[PDB]
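Colleague: In the first instance, please consider these chains from the complex; the rest will follow:
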Amino acid sequence: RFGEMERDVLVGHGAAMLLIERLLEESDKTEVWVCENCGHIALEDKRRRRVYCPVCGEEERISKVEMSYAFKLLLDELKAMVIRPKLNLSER
Amino acid sequence: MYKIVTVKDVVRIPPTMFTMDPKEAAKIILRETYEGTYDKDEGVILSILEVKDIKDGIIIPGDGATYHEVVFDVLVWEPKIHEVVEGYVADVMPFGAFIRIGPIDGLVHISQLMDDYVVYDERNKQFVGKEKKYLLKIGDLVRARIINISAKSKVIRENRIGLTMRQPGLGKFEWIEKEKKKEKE
Amino acid sequence: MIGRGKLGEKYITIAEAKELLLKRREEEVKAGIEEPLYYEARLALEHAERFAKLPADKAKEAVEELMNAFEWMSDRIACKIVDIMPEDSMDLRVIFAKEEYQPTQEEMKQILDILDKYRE
């Protein structure tokens, strides 16, 4: 039903949250902890209920970023090969 | 051991608390969030004392609450290795005794009680020495020195702190006198 | 690590903590909650009461005079001094045992002097 022309139209109207609501919807986006120092996916251990970046120190001001599941698997594939996808979180 | 630390953080204030002044709202949120837990790097979080400064909130799309950056100070009890501490005995096991050093109770292993053969008599809830029949009963004020701190979980009770007594110049308040009694000469 | 970053810290003695926990429990009882403090806070307050010492004001005076009259000791050793409250030379040895520095007899003589200046 939806498609690319409709996406272009919604962009042309300037509506962005409408695009997120209509396309992404729910149960396909997830929460991922990201380190703000190096730019790697931080690890949260529920036994210790702590977040630590096992690259450049544990509590490097780790923040939380929501992303779609497909993008998470894409990042995993990119990291599987040598390419390193550093993420720079933008200040709100 | 006691300390006051100033910390900057970000606090989420739900819309239900918008009608109240931000300072006490963030204070209540911090009370509910931080008190009652142990910090691996700062010790036991005692209680939030006062919020110094608050910034204006930022609204996250998809969330009705507002997030503010606040500066506040908190009471902590942070012990360190090789630190003497005054405390009173609270409980005794076959393998040693709790020593109430504040928010948590230290334990002295039975083999490191004192420099002599020691037997345990749970009937009086105390251990028995030999050279002057040293008694380690409940309520005794000891000059115990900390030698081991095991920070494993953020739960206060789970973490263990190993503190010894056998090192020279150390004794309970009763044997502190007896220490000087042999030092009277 | 507590919070997102530590900006500063200062060491306090047993007396100021007694005062702060007293204010906490009084605010709670005026807030309608009968329970003064939680389990660990109750333990800490009970230990502080059982090992009470000089009131807060004279404790602050003692530690500030300790910094004025004794430099290389930081606030932590000052609050240790006013908490354990050494009444003798041997107490000051056992307090200052594992520390890297060791004082000369005159030094602990004057620290004992300041202690008597506040030992009521």
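Modeller: Sure, I can see it. Numbering: from 1, shown residues only, chains lettered A, B, ... in the order given.

Colleague: Count residues in the vicinity of the residue lying closest to residue A:17 once chain neighbours are set aside, would you?
Modeller: Distances taken as Cβ to Cβ, 6 or more residues apart in numbering or on different chains place residue B:61 nearest to residue A:17, at 6.2 Å, with adjacent residues excluded. Quick note: C-beta positions are derived from backbone N, CA and C, even for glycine. Residue B:61 has 7 neighbours, counted by other Cβ atoms under 10 Å in any protein chain shown.

Colleague: Now do the same contact list for the closest residue to residue B:57 other than its chain neighbours.
Modeller: Distances taken as Cβ to Cβ, 6+ apart place residue B:66 nearest to residue B:57, at 3.0 Å, with adjacent residues excluded. By Cβ atoms under 8 Å, 6 or more residues apart in numbering or on different chains, the residues touching residue B:66 are B:12-13, B:57-59.

Colleague: Next one: the residue of chain A found nearest chain B relative to residue C:53, how far apart?
Modeller: Residue nearest to chain B within chain A: residue A:92 (5.0 Å; Cβ to the nearest Cβ). Distance of residue A:92 to residue C:53, computed by Cβ to Cβ, to the nearest Å: 48 Å.

Colleague: can you pull up the bridge partners for the residue nearest to residue B:57?
Modeller: Per DSSP bridges, the residues bridged to residue B:66 are residue B:13, residue B:59.

Colleague: isn't residue B:56 right up against residue B:68?
Modeller: Yes. With contacts counted by Cβ atoms under 8 Å, residue B:56 reaches residue B:68, the gap being 6.9 Å.

Colleague: If you count surrounding residues, which of the two has more?
Modeller: In this view residue B:56 and residue B:68 are compared by other Cβ under 10 Å, and residue B:68 has more residues nearby, 20 against 8.

Colleague: Can you give me every residue that contacts the nearest residue to that one once chain neighbours are set aside?
Modeller: Nearest residue to residue B:68 in three dimensions, chain neighbours excluded: residue B:57, at 4.9 Å (Cβ to Cβ, 6+ apart). With contact taken as Cβ under 8 Å, 6+ apart, residue B:57 is in contact with B:13, B:66-68.

Colleague: What is the burial count for the closest residue to chain A within chain B?
Modeller: Here the residue of chain B nearest chain A is residue B:58; by Cβ to the nearest Cβ that distance is 5.0 Å. Using other Cβ under 10 Å, the number of residues around residue B:58 comes to 12.

Colleague: mind adding chain D? sequence follows:
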Amino acid sequence: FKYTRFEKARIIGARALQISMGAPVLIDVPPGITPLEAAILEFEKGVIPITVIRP
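Modeller: Following on from the chains above, chain D is added here:
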């Protein structure tokens, strides 16, 4: 200063979300209306707490 229509849309959305979540309404409203027209009336009366930050 004049509100661009994108800014007005975002302000209305945020205010409606807050009202739905449980925030009090700053003005009296007719009964049986959704949060959205409540926020729209709030904006029309000019009573808006939210403000925009421009670079």
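
Colleague: try the neighbour count of residue B:61 again now we have chain D.
Modeller: 11.

Colleague: for it, helix, strand, or coil?
Modeller: coil (DSSP: H, G, I helix; E, B strand; the rest coil).

Colleague: near chain D, which residues of chain B?
Modeller: B:14-16, B:18-19, B:59, B:61-65 (Cβ under 8 Å from any Cβ of the partner chain).

Colleague: Repeat the analysis, applying 6 Å as the threshold.
Modeller: B:15-16, B:18, B:59, B:64 (Cβ under 6 Å from any Cβ of the partner chain).

Colleague: For the most centrally placed residue in chain A, give its distance to residue B:10.
Modeller: Taking Cα atoms, centre = their mean as the criterion, residue A:67 is the residue nearest the geometric centre of chain A, at 3.4 Å. Note on residue A:67: its distance to residue B:10, by Cβ to Cβ, is 20 Å.

Colleague: What of residue A:18?
Modeller: Distance from residue A:18 to residue B:10, by Cβ to Cβ: 28 Å.

Colleague: One more: residue D:47?
Modeller: 28 Å.

Colleague: try residue A:92
Modeller: Taken as Cβ to Cβ, the span from residue A:92 to residue B:10 is 10 Å.

Colleague: Next: residue A:5.
Modeller: Per Cβ to Cβ, residue A:5 is found 41 Å from residue B:10.

Colleague: Those two - which one has more neighbours?
Modeller: Neighbours were counted for residue A:5 and for residue B:10 using other Cβ under 10 Å; residue B:10 has more, 14 against 8.

Colleague: mind listing what that one touches?
Modeller: B:67, B:69 (Cβ atoms under 6 Å, 6 or more residues apart in numbering or on different chains).

Colleague: and if we set it to 8 Å?
Modeller: So residue B:10 contacts B:67-70, C:4 (Cβ under 8 Å, 6+ apart).

Colleague: Adding secondary structure as columns, could you present the residues you listed in CSV?
Modeller: Formatted as CSV, those follow (three-state DSSP):
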residue, secondary structure
B:67, strand
B:68, strand
B:69, strand
B:70, strand
C:4, coil
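
Colleague: Name the residue of chain A that lies nearest to chain D.
Modeller: Taking Cβ to the nearest Cβ, chain A has residue A:14 as its residue nearest chain D, at 5.9 Å.

Colleague: and chain E, same structure:
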Amino acid sequence: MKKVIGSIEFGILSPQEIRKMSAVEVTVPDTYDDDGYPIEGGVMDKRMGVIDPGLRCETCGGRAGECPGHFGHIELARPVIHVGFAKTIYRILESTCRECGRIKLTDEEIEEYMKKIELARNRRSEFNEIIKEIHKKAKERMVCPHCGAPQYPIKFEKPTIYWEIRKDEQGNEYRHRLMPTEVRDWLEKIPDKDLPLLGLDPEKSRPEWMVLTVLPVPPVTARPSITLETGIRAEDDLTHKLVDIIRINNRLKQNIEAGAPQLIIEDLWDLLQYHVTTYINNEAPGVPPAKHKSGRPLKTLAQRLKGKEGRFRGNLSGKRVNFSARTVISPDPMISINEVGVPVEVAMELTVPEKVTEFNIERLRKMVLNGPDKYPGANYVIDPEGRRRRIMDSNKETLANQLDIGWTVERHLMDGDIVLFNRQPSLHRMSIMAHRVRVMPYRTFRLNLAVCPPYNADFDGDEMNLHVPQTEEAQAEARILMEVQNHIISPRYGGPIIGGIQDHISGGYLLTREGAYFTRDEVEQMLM
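Modeller: Below, chain E sits with the chains from the block before:
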């Protein structure tokens, strides 16, 4: 507490990062095991994450479905050339001295090229052209300007074989194969200052890291075992390739530690290189495609990405979105231009979630009392905790007396709700607009006639779609940004696009025609 990714910078991983980022050192080529349990030191360890049900992750402690997975690393015995960077490595070798490793270029040329690169940074095509020009200039040179040592020509053999054409004491040209260790040694000596001219960044991509020393292992979620209809745990092609990699690596290591001859070490080295290349890309040029257990080429990391239906080019698509409807349209001028008529049956399915507050509690109470059959009713009610329940008739009488602030009711569509309206093919901006609902009988999307031009619609069987936004932000955006009122003037030519079409013109002419008069009855009737 929720931030937004502002930028993504790409680079080349360093072996130290791969070592510390990973958790478990995979050493044993172990499968799912007979009892379907993760074998220690296997490809699917518990530190890699768990996808099998009824067990906990070793690293994060998460059950399958909540553990995101974790990375593991393989310690290679010998350096292996990455297939993707092979051409880059060959280009670099032709541009650097064999002894010093610096760029074979004069300082003035370096300055000029650095200025040009600084100017043309952003333009990717011009940057590539400058890089190619510098590469040609350096490769054409023979004597290093810094050392003066000869630079024997380097010949590249696809896919990952490099030959150094050296001259013997008799002048004959013989091909000397460059082992990956030699290439690494050559690459390490390159200074940082020469990287920008060489086409590299000395903070995220260093030439030594192109040759792989540690091979990371994707988590189990990234290589799941989809199982089979027979219950056989149909493995992942990546899993099989990793098993072969582990086997060959252990074999090469044990023969190395056993003082084996150089020939067998070379054989195992080349087997490892071929397996690594086919694992990264099973369709790399000059590489025989590895066959599955059924004899088909295995889908590998390269094939998992360059797919039209994969992560790239596949996530963007058009599928059946939720809360939508489609039916034919019929005209009616009795509604306002910013209104749409919705059939009752559609309105009883496309529910919208509304949170109950103090000023709308009674309306929602009546609606939930109506049930899912009366038109002003509801289909689902969500408690403040989060469970969802169907109203039905058994508990219709309750769920209303126990409904207070904090609940969520999925009521039916009612008059005044905002709704999008679309017509395909969607050419310009005005093909999607927001309308106000007006529920009427029968089954057609009633549309005012003045709104036909922007939609380019005729009532001869044309169909339209409507979507119902759910969240408050989307509803506000539709109401403020997308309403029909704001789009009277067309963005194309700056004139109106909404207006009369056929009767609105002819009847207007009849009304205003010279010599046309109306009686009192007609005047009052038409005005009303």
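
Colleague: Check the contacts of residue B:10 one more time with chain E there.
Modeller: Here residue B:10 is in contact with B:67-70, C:4, E:1 (criterion: Cβ under 8 Å, 6+ apart).

Colleague: SS state for the residue nearest to the centre of chain A?
Modeller: Going by three-state DSSP: residue A:67 is strand.

Colleague: For it, which non-adjacent residue is closest in space?
Modeller: residue A:32 (5.6 Å).

Colleague: before we move on, what about residue E:154?
Modeller: residue E:93 (4.8 Å).

Colleague: Show me what the residue nearest to the centre of chain A is bridged to.
Modeller: residue A:30.

Colleague: does the residue nearest to residue E:154 really touch residue E:183, like I thought?
Modeller: Yes. Contact status for residue E:93 versus residue E:183: in contact at 7.2 Å, counting by Cβ under 8 Å.

Colleague: intersection of neighbour lists for the two?
Modeller: By Cβ under 8 Å, 6+ apart, the residues touching both residue E:93 and residue E:183 are residue E:162.

Colleague: what residues does the top strand by length along chain A touch?
Modeller: Determined from DSSP state E, the single longest strand within chain A is strand A:83-90. For strand A:83-90, contacts defined as Cβ under 8 Å, 6+ apart pick out A:34, A:36, A:38-40, A:63, A:65, A:75, A:78-79, E:3-13, E:17, E:204.

Colleague: what about the residue in chain A that chain C sits nearest to, neighbour count?
Modeller: Closest residue of chain A to chain C, Cβ to the nearest Cβ: residue A:59 (3.8 Å). The number of residues packed near residue A:59 is 19, by other Cβ under 10 Å.

Colleague: Name the SS class of it, please.
Modeller: Per three-state DSSP, residue A:59 ends up coil.

Colleague: nearest spatial neighbour of whichever residue of chain C sits closest to chain B, skipping sequence neighbours?
Modeller: Chain B sits closest to residue C:3 of chain C, with a gap of 3.6 Å, by Cβ to the nearest Cβ. Once flanking residues are discounted, residue C:3 sits nearest to residue B:7: 3.6 Å by Cβ to Cβ, 6+ apart.

Colleague: contacting residues for the one you found?
Modeller: Residues in contact with residue B:7 (Cβ under 8 Å, 6+ apart) are B:71-74, C:2-7.

Colleague: try residue B:22
Modeller: B:13, B:54, B:68.
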